[PDB]
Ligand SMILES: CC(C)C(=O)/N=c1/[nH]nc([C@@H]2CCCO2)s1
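Next comes just one chain, in structure tokens: the form deposited without this ligand.
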């Protein structure tokens, strides 16, 4: 699969993260990210996808070594960590045909796993609108503890 790049943007307090909500298959909440183009450097793809989805340019803030990367079903997703962005920043996507809404979420309230259905003796996981963000939440909380305390 083609690698994806984007950002985990936090506010000044470090307790909120910015998620975006797409449509249809991308109908839940997730970190802003997208597929890398031919010859495009990972930091440039992250800034482009982030600016396409939020209107906010992270180029002057990206730190090369500060990211979380996960391999999910043989697709690599790397989100550069971008703290300290004021909560009153005006985010607007470029294409409202792709992004429904953009919101800050409390990190501590976000789930870091989906729930089973052991109540119902049924296998699998219950739907959760934060499905795409979930895999990054525990690695983020651990990264913030290490790098900030």
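Residue numbers count along the first chain shown, from 1.
There is also a form deposited with this ligand bound; it is not shown, and the following applies to it.
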Next on the checklist: Please determine whether residue 13 contacts this ligand in the deposited bound form, using a 4.5 Å cut-off between heavy atoms.
Outcome noted: no
Checklist entry - Applying a 4.5 Å heavy atom distance criterion, does residue 129 contact this ligand in the deposited bound form? => result yes
Item to check | this ligand in the deposited bound form reached by all of 106, 145 and 147, non-hydrogen atom within 4.5 Å | outcome: no
Item to check | Heavy atom contacts to this ligand in the deposited bound form at 4.5 Å, residues of 93 to 117 in sequence order | outcome: 114
